[PDB]
Structure formats: C-alpha cells, structure tokens
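Undergrad: Take this structure, written in structure tokens, and hold onto it; I'll ask about it next.
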Amino acid sequence: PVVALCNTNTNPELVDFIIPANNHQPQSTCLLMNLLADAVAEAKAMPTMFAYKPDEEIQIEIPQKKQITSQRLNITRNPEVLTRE
Amino acid sequence: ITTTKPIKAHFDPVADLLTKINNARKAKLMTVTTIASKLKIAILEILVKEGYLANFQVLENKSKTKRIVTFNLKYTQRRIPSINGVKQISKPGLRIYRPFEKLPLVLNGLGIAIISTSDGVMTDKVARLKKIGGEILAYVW
Amino acid sequence: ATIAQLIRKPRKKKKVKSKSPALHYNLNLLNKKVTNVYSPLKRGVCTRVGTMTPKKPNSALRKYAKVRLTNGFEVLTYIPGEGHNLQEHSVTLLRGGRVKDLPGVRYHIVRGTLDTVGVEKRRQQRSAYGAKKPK
RNA sequence: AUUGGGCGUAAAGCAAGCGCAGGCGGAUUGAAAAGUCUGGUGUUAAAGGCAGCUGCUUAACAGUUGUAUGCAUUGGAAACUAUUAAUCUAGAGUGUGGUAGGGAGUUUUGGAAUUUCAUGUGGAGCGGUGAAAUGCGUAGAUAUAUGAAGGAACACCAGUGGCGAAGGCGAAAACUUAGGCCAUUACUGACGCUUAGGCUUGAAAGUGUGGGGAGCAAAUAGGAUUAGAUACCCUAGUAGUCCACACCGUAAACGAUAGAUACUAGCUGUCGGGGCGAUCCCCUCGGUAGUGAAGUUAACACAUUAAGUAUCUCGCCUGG
RNA sequence: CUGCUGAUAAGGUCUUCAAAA
Ligand SMILES: [Mg+2]
Ligand SMILES: [Mg+2]
Ligand SMILES: [Mg+2]
Ligand SMILES: [Mg+2]
Ligand SMILES: [Mg+2]
Ligand SMILES: [Mg+2]
Ligand SMILES: [Mg+2]
Ligand SMILES: [Mg+2]
Ligand SMILES: [Mg+2]
Ligand SMILES: [Mg+2]
Ligand SMILES: [Mg+2]
Ligand SMILES: [Mg+2]
Ligand SMILES: [Mg+2]
Ligand SMILES: [Mg+2]
Ligand SMILES: [Mg+2]
Ligand SMILES: [Mg+2]
Ligand SMILES: [Mg+2]
Ligand SMILES: [Mg+2]
Ligand SMILES: [Mg+2]
Ligand SMILES: [Mg+2]
Ligand SMILES: [Mg+2]
Numbered sequence: 197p198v199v200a201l202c203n204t205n206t207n208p209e210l211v212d213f214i215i216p217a218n219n220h221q222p223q224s225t226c227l228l229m230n231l232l233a234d235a236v237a238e239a240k241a242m243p244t245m246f247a248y249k250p251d252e253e254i255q256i257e258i259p260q261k275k276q277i278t279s280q281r282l283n284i285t286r287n288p289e290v291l292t293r294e
Numbered sequence: 002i003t004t005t006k007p008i009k010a011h012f013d014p015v016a017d018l019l020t021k022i023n024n025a026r027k028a029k030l031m032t033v034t035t036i037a038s039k040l041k042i043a044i045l046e047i048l049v050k051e052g053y054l055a056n057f058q059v060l061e062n063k064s065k066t067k068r069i070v071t072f073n074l075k076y077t078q079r080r081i082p083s084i085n086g087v088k089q090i091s092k093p094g095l096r097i098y099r100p101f102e103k104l105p106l107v108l109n110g111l112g113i114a115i116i117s118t119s120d121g122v123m124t125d126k127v128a129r130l131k132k133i134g135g136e137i138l139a140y141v142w
Numbered sequence: 002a003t004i005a006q007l008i009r010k011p012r013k014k015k016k017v018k019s020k021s022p023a024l025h026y027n028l029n030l031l032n033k034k035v036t037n038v039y040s041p042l043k044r045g046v047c048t049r050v051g052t053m054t055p056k057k058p059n060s061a062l063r064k065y066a067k068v069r070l071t072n073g074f075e076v077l078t079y080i081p082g083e084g085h086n087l088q089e090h091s092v093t094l095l096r097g098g099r100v101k102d103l104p105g106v107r108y109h110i111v112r113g114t115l116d117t118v119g120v121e122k123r124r125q126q127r128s129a130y131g132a133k134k135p136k
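Residue numbers (the deposited numbering), protein chains in the order written: chain A, 197 to 261, 275 to 294; chain G, 2 to 142; chain K, 2 to 136.
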C-alpha cells in the first residue's frame, strides 16, 4: 500500500489511497503530513499534534525565504529538444 | 432532455452502434448518443434484456421529425465493463444467412448472438428454442 | 481485398513447375508430337563423358555425362559412383535427382540395370548402387 | 487468405482530377413476397462414405439395415436486403448575408543587376587558383561617371505562413474567371460515396515550325592535377534555358500513407470567419503544426489531420 | 581552409551438454 498527496498532475492508478491535496504550499503539505503522523502517533499512543484539535492549536506559520502564490511558472526553460541538420 | 452538440450516425446501423459501444468501452466512457432507427431500437432492447447495458432511452424532437437514442453502459464498482468485445457478421455487401442447423454458439454460450429471423431481433438461445433462424447481425460477448 | 473485387477478378493460384522436366516428354515418332506424360525414370544414350568442378566450397572432379533420352532432349547427368564404364557412347537409364555442386545437372544414372555395369566393391547401401549380394 | 493475409520504412495506394455502367447507401408508412426462414410432397439410379449386424479360424473382404446434399412445386412467416406507392429533414446541393486568399488565363507597366556599345578621367596590369597556367591588356584593360540597347529573373516584405485536386503559385495594374470558410427562422427532398472502361490536367529534360538570345551552360577546344583524367578546378563555348502554336505524358510526381463516413484523453502555438468591444486576451466553428495517454506496430514510430475502433468502393502485392 | 591520396587471391576453426549434485 502507498498513500500520496496527489496534486492534479499524478496518475491516479498508481496510488491506492489517493488524497487530493496541494503539494506546492508549505503550509498545506505540513498540515496533511502532520495529520498522517498524528494518526500514527495516536495508534502507537502518544498525545496528538494536529488531529482532533481546535484552531488555537492547529494554527501554523508560513516559512520565509498579499496572498500566497501557488502559481507554476518558468515555462521559458522548456526549449525544443536539440534537432535540425 | 436538452443537448448541445450535433448528432450524426453512419449509414450502416449495426456497425455504427457496434463502433460506438466498442469505443465507449475502450475509453471507459459511459453515456453515448446516436440517431435512432427501429433495428437499433430493437437490438438495444435485447441488449438491455440480456444485461449488457444499464439503460437505453429514445427521444424525439419537438416537431416529431427526428429521433435519437441515448444509452449507457453497465460498469461495475471497479469500473470494468460487462462487454468484452463486439464483432459484426452481416456487413453490407456480404449478408450472412444461416438456417437453424448452423445457428452459431458464441464463446460456448457465454456471449450472445443477435439474430433477426422473422419476429425482430432474437437471441441465439431463444432462436434455438423456436427452431427457426435467419439473418445474423453481430456477435457480442 | 473486397468481395466485389474478387467476384470480378478471382484469386489466381501460382503455378507449379517440375524438378525433372525432361523425364515427362514423350515423342510419338510416327506423328512426331511431344506429349506431357509423367514417367519416373527414362532411358537415354550418352554422347560426352567427363568431369566438372563443384561450385564454391567443394573441390573435386565429378563425373558428368551429356545423355540424350528416348525423346529429343539432351541433359547433363551425374554418374553416381566411383569408377564408370561409360565410353562416350552407351545406353543408360536416368532417374530424378539433383547434385548440389554442379549447376545444371538435375538427373542421376541408375547403376547396374542396363549396359552400365554395377558398382562392385561395395557392401554398405549397395541396393541403391546395384551390387550383387556377397552371400 | 469467402471461412483465412496485407500495401509509411520489408513485394504492394495509379501523379492528380471530372466522372457513365457496376458495387454500397439517411428516417417513417402501405402492398406484394424476388432474396431469407420454416411445414408437406416428388426426386436426387445402384455401387462408394459413416454407424449397427451377420459370414468367412479373426481380419482384409462379402452381404444386410439405417444414414445426407441439391432442385422443383405447394402451404405459411414479414425482422433484414431488393421492388413498388408515398411522406420527413438530419446527408448532399441551391439562394440570401458575412469573407480570406502568390488559385488560373490574356493585355499593359516598373526598378535594381549583368552584358555590349558610345563619351570623358587614368596609366600596368586584370582575371583565375590549393598553387598556377590558358585568357583579356600600351590598338589604353581592370577601375570610375554619364547615356543608350536588349534579354531573363522579380532583393527587402518572406513566415516555428496562405491558396489549389496534384504539378504549382511571390515586382504593379486592369479584364475575364475557379474553388473554399462561417451563420442561415429559406428552398429542392437522398438528388449521396467509390469508380473498371472514357475524358481533362500533369515539374524538368526532349521533338517540330517561326521568333528571341543579356546571363548561365550539356556536347566541344585549351590550361592544370594526375601513374592515366575522355572527371572534380579554370578560360572560352553550340544546342538548350525565354515567347507563340502543336506534341511527348515520365519523376524520391513523397505525407514513400486512395477516397468517404461515424466514434475515441489532454496540453502548447499559429491562420481565417463569427460573438464582445482599444491592442493584448476570452468563447464558437474550421485550416495548418508541435508534444502526448489509451489503442496499434517486428521495431522505428502513428496517435482526433491516425499507421486506433469499424463500414463501403476502387487500385495493387504473392521469394531474389 | 580546402595539393594528391589507388588497390589487398580461394576455402575455413572455436563450443562440447545439463541430464545433476
Ligand atoms: Mg503476408
Ligand atoms: Mg516498397
Ligand atoms: Mg499518393
Ligand atoms: Mg507510387
Ligand atoms: Mg467526385
Ligand atoms: Mg453510377
Ligand atoms: Mg435503411
Ligand atoms: Mg446413391
Ligand atoms: Mg461394403
Ligand atoms: Mg553605367
Ligand atoms: Mg521544358
Ligand atoms: Mg580535351
Ligand atoms: Mg580525387
Ligand atoms: Mg565561363
Ligand atoms: Mg537539337
Ligand atoms: Mg512511375
Ligand atoms: Mg513535389
Ligand atoms: Mg509524435
Ligand atoms: Mg521468379
Ligand atoms: Mg601529390
Ligand atoms: Mg586491379
């Protein structure tokens, strides 16, 4: 079994437990990864981190380095493969 | 029911439907539409009776001058169809006529053979029961 | 192709040619006509004896004979044996065959059936070469 | 290869088009029943084949019983094909309205550049090559400036482009003229697809008659290189290349892929019509390209402009 | 930075084997 955070560009056949999600946002990936880790940690019995928690404990920050930009750019680095004679 | 795209059909009524069904099966498409003819309506009725399709539904224009039939394939939960293949026998030009003695058995009885003898289209088993045969349209298994 | 196309011009089957054509021609000698009657083995008369060289790989001197049959065809025939009594003018009895080394040769001579003597000094596979049983 | 094969690169899609006969062909109603299915009857000689049995010591063999196929006639079935009598618009055309084009023919016009000739300045070379030599030049060449004549081809625009069925089409204009795309509450009402035979067009070379000839250049002559050079290089050079009228009818005439029709993921450009109204960009309908999954393939690759799922028609292939 | 630069007699080995340890 393999679970994954599919992000609109993945082949659904390969993944068994598909989780439609984001993969580019460092907040979304963190939230979902920590949710899976929370499942694991609850099963192996420690206190949870994000699951079954209110807003004051689910809240998170946006890493450094208006709104956040989940836009895929840099198409100019996709030239035609070297050809011609 | 309202549509948006133009609807066209081939001149050959059996193989038009067979091509539509085969392409839908291969592409996992569920609902398809085509022009309605009475041979096609009867053949779709027997396919629905034999359980190879979910539903077939005929519709008529507001002026009662055009009729179109739309049908859906029967996919299971894991999305694999009940139809495995289609092959047409009585193509235009070479029409296949077989008496009762030579009525074919498709895939050792797993599939069905469409035969339009004298009472409209008719499955192979019921044709054998009635002891009479005729034109053989297509093999569906 | 197409049912109509084959109805108009049906399938023509490729012809079949024999491997020993000269054995299936019969000359009447009264009306002087040649008819196609199949015959297993035919009598001929030799004209020139000698040796030929095998094609590419083999290297030897193989005994051939230009024999004219009871019909009007002259064929090059390989004498299958070690030593021969052919004297440029004799009657032999050709059968079908094909030696691979010599190009153009497509017949063999049955040994020890007619004027041509058999192959003595042979105890193995002699029934093919016409040798009396040692007893 | 009807059952039972193929034609991009292995043999095989005619160079392309207009197409008579033939083959195939939208939807609904009625009749008849030519195809199709089925019942009765007559017949399909005997021997032979298959099944059963008997007799030869069993067998081979002999004998005996059963055992199909097709044709004709008569009686029914009416789903499909064909025929006939009609209705309908969705295929295909026509009309009106938008509209893009190097589509074609005929007749005129224009400017750069080469060559020749004329007239001035000038004075030893120019040309050509790997290096040179034939060749041109003190009769003033090459160069420079002006002018005239004539012929052929039309820089830039010019394209990750447009048009035609193919060959093919690019300076400007006029006249005549062919097809195509988009939207149609309009009209005819299956009039359509393919096409053996037939007809039309068909790069360049080549032919015949008459014109034209600036440049280039098969054949030809000379100088080089070379063991030789009838070739590659150079200097000259006729036919030809150009126009009109008649033929020839072949090309790697290639997308190495016949035409028509329906269906099957997506993404990126570009060209035209239409919807909105600065451009740009958005949507719809089509043309032309790239990338790309299912699917196909021996592999390369094709992949909504198919080589995929299928049908129809024509042409073609059967080892070297 | 384009000189020149042509030819090489005939036939041939070489995989025995996995049954198996
Ligand atoms: Mg083959
Ligand atoms: Mg070929
Ligand atoms: Mg072609
Ligand atoms: Mg060809
Ligand atoms: Mg046409
Ligand atoms: Mg016709
Ligand atoms: Mg019909
Ligand atoms: Mg009989
Ligand atoms: Mg008997
Ligand atoms: Mg001048
Ligand atoms: Mg010419
Ligand atoms: Mg000379
Ligand atoms: Mg050389
Ligand atoms: Mg010259
Ligand atoms: Mg001449
Ligand atoms: Mg040719
Ligand atoms: Mg061309
Ligand atoms: Mg590709
Ligand atoms: Mg041959
Ligand atoms: Mg040298
Ligand atoms: Mg030599």
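Ideal placement from N, C-alpha and C gives every residue a C-beta, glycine not left out.
Suppose you measure from the CA of A:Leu-210 to the CA of G:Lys-9; what does that come to, to the nearest Å?
TA: Here residue 210 of chain A is taken as the residue at index 14 of the first sequence, counted from 1. Here residue 9 of chain G is taken as the residue at index 8 of the second sequence, counted from 1. Distance between the alpha carbons of A:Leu-210 and G:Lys-9: 37 angstroms.
Undergrad: Exposed or buried, K:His-109, counting other C-beta atoms within 10 Å across all chains shown (16 or more means buried)?
TA: Locating residue 109 of chain K in the third sequence gives position 108, where the first residue counts as 1. Counting Cβ neighbours within 10 Å, K:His-109 comes out buried, since at least 16 surround it.
Undergrad: Opposite G:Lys-88 in the DSSP bridges: which residues?
TA: Residue 88 of chain G sits at position 87 when you count from the first residue of the second sequence. G:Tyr-140.
Undergrad: Expressed to the nearest angstrom, what Euclidean distance is found between the alpha-carbon atoms of G:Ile-115 and A:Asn-287?
TA: Position 114 of the second sequence, counted from the first residue, corresponds to residue 115 of chain G. Position 78 of the first sequence, counted from the first residue, corresponds to residue 287 of chain A. Rounded to whole angstroms, G:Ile-115 to A:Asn-287 spans 54 angstroms at the Cα level.
Undergrad: What does the Cβ neighbour count give for G:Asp-125, buried or exposed, with the cut at 16 atoms within 10 Å?
TA: Position 124 of the second sequence, counting from 1, holds the residue named residue 125 of chain G. That one is buried.
Undergrad: Based on the DSSP secondary-structure assignment, which residues constitute the bridge partners of G:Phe-57?
TA: Counted from its first residue, the second sequence places residue 57 of chain G at position 56. G:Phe-57 pairs with G:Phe-72.
Undergrad: Terminal residues of the continuous beta strand (DSSP E) containing G:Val-33?
TA: Here residue 33 of chain G refers to the residue found at position 32 of the second sequence. Here the beta strand (DSSP E) through G:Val-33 covers 32-36.
Undergrad: Do you know whose CA, among G:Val-141, G:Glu-102, G:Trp-142, G:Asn-109, lies nearest G:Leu-130's CA?
TA: The sequence position of residue 130 of chain G within the second sequence is 129, counting from 1. Taking only the C-alpha atoms, the option nearest G:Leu-130 is G:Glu-102.
Undergrad: Could you check whether the region 6-24 of chain K touches the region 93-109 of chain G, counting it as contact only if at least three pairs of C-beta atoms, one from each stretch, sit closer than 8 angstroms?
TA: Touching, no.
Undergrad: Tell me whether K:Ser-91 sits in a helix, a strand or coil according to DSSP, three-state version.
TA: Reading the third sequence from its first residue, position 90 is the one you call residue 91 of chain K. If DSSP states are grouped into helix, strand and coil, K:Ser-91 belongs with coil.
Undergrad: Tell me, to the nearest whole angstrom, how far the beta carbon of G:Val-107 is from that of G:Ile-113; I am working on the premise that it is less than 8 angstroms.
TA: The sequence position of residue 107 of chain G within the second sequence is 106, counting from 1. The sequence position of residue 113 of chain G within the second sequence is 112, counting from 1. Sure, about 6 angstroms apart at Cβ, within 8 angstroms.
Undergrad: Hey, out of K:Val-68, K:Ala-129, K:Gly-73, whose CA is closest to K:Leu-30's CA?
TA: In the third sequence, residue 30 of chain K corresponds to position 29, counting from 1. For K:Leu-30, the nearest C-alpha among the options comes from K:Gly-73.
Undergrad: Beta-carbon within less than 7 angstroms of G:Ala-37's beta-carbon, same chain only, minus the 5 sequence neighbours each way: which residues are those?
TA: Counting from one through the second sequence, the residue named residue 37 of chain G turns up at place 36. Answer for G:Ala-37: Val-59, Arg-68, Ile-69, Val-70, listed in chain order.
Undergrad: By alpha-carbon positions, which one of A:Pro-197, A:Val-199, A:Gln-223, A:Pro-208 ends up nearest to residue 267 of chain A?
TA: For chain A, the structure lists 261 followed at once by 275, and that leaves residue 267 of chain A out of the model.
Undergrad: How far does the beta strand (DSSP E) with K:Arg-63 in it extend, from its first residue to its last?
TA: One-based indexing of the third sequence puts residue 63 of chain K at position 62. First-last of the beta strand (DSSP E) with K:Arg-63: 63-70.
Undergrad: How about A:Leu-227 and A:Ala-217: do their beta carbons lie closer than 7 angstroms?
TA: Here residue 227 of chain A is taken as the residue at index 31 of the first sequence, counted from 1. Here residue 217 of chain A is taken as the residue at index 21 of the first sequence, counted from 1. Taking 7 angstroms as the Cβ cut-off, A:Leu-227 and A:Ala-217 do not qualify as a contacting pair.
Undergrad: Taking the alpha carbon of residue 1 of chain K as the reference point, which residue from K:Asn-32, K:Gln-126, K:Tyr-79 has its own alpha carbon closest?
TA: It is not possible to answer for residue 1 of chain K, since the shown part of chain K is limited to 2 through 136.
Undergrad: Figure out for me which residue from G:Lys-6, G:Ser-91, G:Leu-45, G:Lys-27 has the closest Cα to the Cα of G:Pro-82.
TA: On the second sequence, position 81 is the one that residue 82 of chain G refers to. Minimum Cα distance to G:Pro-82 is reached at G:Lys-27.
Undergrad: Would you list the residues sitting across from G:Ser-117 in a DSSP beta bridge?
TA: Your numbering for residue 117 of chain G matches position 116 in the second sequence. G:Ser-117 pairs with G:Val-122, G:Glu-136.
Undergrad: Just how far apart, CA to CA, sit G:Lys-132 and G:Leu-104?
TA: Indexing the second sequence from 1 puts residue 132 of chain G at position 131. Indexing the second sequence from 1 puts residue 104 of chain G at position 103. Approximately 10 angstroms, taken between the alpha carbons.
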